[PDB]
Amino acid sequence: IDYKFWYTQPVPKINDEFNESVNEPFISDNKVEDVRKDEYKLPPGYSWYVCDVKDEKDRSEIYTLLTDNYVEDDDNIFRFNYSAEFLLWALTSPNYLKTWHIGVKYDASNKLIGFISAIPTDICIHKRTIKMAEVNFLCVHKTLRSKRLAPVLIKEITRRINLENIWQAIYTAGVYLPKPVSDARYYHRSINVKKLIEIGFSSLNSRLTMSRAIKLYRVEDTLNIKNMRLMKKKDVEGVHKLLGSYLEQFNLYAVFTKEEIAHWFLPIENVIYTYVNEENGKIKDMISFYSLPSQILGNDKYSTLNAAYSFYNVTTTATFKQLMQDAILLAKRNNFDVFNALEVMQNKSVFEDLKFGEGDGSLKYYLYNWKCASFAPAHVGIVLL
Ligand SMILES: CCCCCCCCCCCCCC(=O)CSCCNC(=O)CCNC(=O)[C@H](O)C(C)(C)COP(=O)(O)OP(=O)(O)OC[C@H]1O[C@@H](n2cnc3c(N)ncnc32)[C@H](O)[C@@H]1OP(=O)(O)O
Ligand SMILES: Cc1cc(F)ccc1-c1ccc2[nH]nc(CN(C)C)c2c1
Ligand SMILES: [Cl-]
Ligand SMILES: [Mg+2]
């Protein structure tokens with residue numbers, strides 16, 4: 001297609017290909033003093049709104065907008081239903097700015113109809129660490145689609161990020177845009193087989209009857225790593241060294257400070273689950289997965305698919321297969337129906353043996369204002385929510 005908005009932006013054109021000797025901005029020597037001070041103009045009757053995600057009621061508003069209008073699969077069966085507490089965690093990480101949590105209201109009803117957000121993160125791309133904004137939760141109400149609101153939201157957050165002297169961004173989407181640095185398919189491991197069959201997500205056939213499908217996905221309720229336990233505050237330093245070390249191998253990863261490790265990993269029920277194996281007061285292995293339910297549209301029996309999404313997993317005392325087998329069992333113990341992972345890091349290597357199935361699409365990783373070589377998803381070492 002044309003990408004008439006995206007081609008005005010500092011991102012690669014559809015045919016751009018850079019070798020590994022190239023790792024730099026499209027536009028360098030930017031000047032904070034030159035950034036527009038005026039808000040981008042919205043159509044008549046709509047206004048910017050600065051959301052306070054720590055206020056329950058403003059946070060409820062964002063929650064309702066996403067619950068009704070956020071991402072669906074291509075068949076419009078499932079819609080992501082991030083919980084309000086999950087949105088609080090995702091948006092209030094260390095050094096967050098309230099002014100990068102941007103809503104648009106329709107003045108006559110006072111209702112929120114659009115949203116976009118960013119948080120700051122140090123991102124290492126091909127061994128250069130850059131202060132960036134991670135952009136997420138871009139949403140326009142279903143009644144106002146294809147009216148070119150989204151570029152307004154994007155330009156307005158880019159302006160507010162640039163005020164902080166930040167000139168690069170990282171973002172992910174299932175849709176193809178100019179132009180991915182990497183592309184990772186997702187895979188799903190069934191936990192509650194029967195439920196997934198009954199809502200249409202998984203299938204039977206003359207060979208695979210219901211009883212046989214259930215048996216296929218049965219797991220033993222005993223951990224490979226016996227001492228794996230919920231992460232506690234005392235474990236923050238050990239997680240930071242274990243994970244920090246591990247992530248240096250990849251082409252793309254966040255550089256976490258200790259404060260970021262406590263925020264992104266300390267457990268919160270129905271939001272983030274992290275488990276650790278401690279030997280001698282050292283953290284030797286970790287598992288983590290976050291909770292992202294999908295609302296089920298038009299199923300008479302079920303309204304919610306409870307799904308655990310693999311986050312960061314590191315083993316030094318087991319095989320990666322054994323670690324991920326434990327991650328599936330811990331998701332099962334926590335009532336999840338399915339365990340979802342992308343082919344990033346070492347994940348793809350355990351998919352066949354641990355009975356994952358290939359999904360319907362892929363997640364694309366993108367950088368704004370950064371020119372570099374693209375790479376296979378095994379070299380991606382970051383997971384965005
Ligand atoms: C230095 C700092 C830099 C900061 C900024 C970094 C960049 C951040 C970029 C954002 C990253 C967010 C990451 C993220 O949140 C995670 S990906 C999830 C995005 N959210 C949804 O999918 C929710 C359901 N859909 C919608 O709400 C609407 O369809 C949205 C709002 C998606 C588009 O609204 P619409 O009513 O359907 O469409 P128009 O207003 O008419 O706009 C059409 C223009 O929007 C382009 N478009 C469509 N989807 C996009 C997507 N997912 N990223 C970027 N661009 C997207 C499209 O290519 C077109 O441009 P083109 O004509 O050139 O092709
Ligand atoms: C289905 C799935 C499975 C999986 F294991 C990992 C990711 C996805 C998925 C696909 C499309 C998406 N669009 N936006 C999001 C939310 N963020 C990542 C921004 C998103 C996530
Ligand atoms: Cl403009
Ligand atoms: Mg629109």
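Worth knowing before you read on, the calculation uses all heavy atoms, side chains too, and leaves out hydrogens, waters and symmetry mates. Atoms within each ligand, like the ligands themselves, are counted from 1 in listed order. Heads up: numbering here begins at 1 and tracks the sequence.
Polar contact with ligand 1: absent for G174 (N/O pair, distance under 3.5 Å). The shortest N or O to N or O distance between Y368 and ligand 1 is not under 3.5 Å. Considering backbone and side-chain atoms alike, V175 places every N or O at 3.5 Å or more from each N or O of ligand 1. Of the polar atoms of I166, none of the N or O atoms is found under 3.5 Å from an N or O of ligand 1, judged by distance alone. Residue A150 has at least one N or O atom closer than 3.5 Å to an N or O atom of ligand 1.
Distance check for atom 30 (C) of ligand 1: every protein heavy atom is found at 4.0 Å or beyond. Within the 4.0 angstrom cut-off, atom 48 (C) of ligand 1 has no protein heavy-atom neighbours.
For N95, the CG atom sits in a loose shell: 12 or fewer heavy atoms of surrounding residues, nucleotides or ligands are nearer than 6.0 Å. Atom CZ of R36 has 12 or fewer neighbouring heavy atoms from other residues, nucleotides or ligands inside a 6.0 Å radius.
Every residue was checked against the side chain to side chain donor-acceptor pair (under 3.5 Å) condition with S146, not counting sequence neighbours, and none meets it. Qualifying side chain to side chain donor-acceptor pair (under 3.5 Å) partners for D326, counting only residues two or more places apart in sequence or in other chains: none.
Shortest contact from atom 35 (P) of ligand 1 to any protein heavy atom: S146 N, 3.7 Å.
At least one heavy atom of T158 sits less than 4.0 Å from an atom of ligand 1. Taking 4.0 Å as the cut-off, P151 counts as a neighbour of ligand 1 on heavy-atom distance.
Inspection of the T67 and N81 side chains reveals an N or O donor paired with an N or O acceptor under 3.5 Å. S291 and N270 form no side-chain donor-acceptor contact under 3.5 Å, judged by distance and modelled atom types alone.
With respect to the salt-bridge test (charged N to carboxylate O, under 4.0 angstrom), the residues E61 and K57 do not qualify.
Listed by number with element, the atoms of ligand 1 under 4.0 angstrom from any heavy atom of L138 are 12 (C), 15 (O), 19 (C), 20 (N), 21 (C), 23 (C), 31 (C).
Atom 44 (C) of ligand 1 has its nearest heavy-atom neighbour, among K4, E72, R148, in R148. Looking at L65, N162, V71, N69, it is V71 that brings a heavy atom closest to atom 18 (C) of ligand 1.
A parallel orientation is assigned to the rings of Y273 and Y275, their planes being inclined by less than 30° (bins at 30° and 60°).
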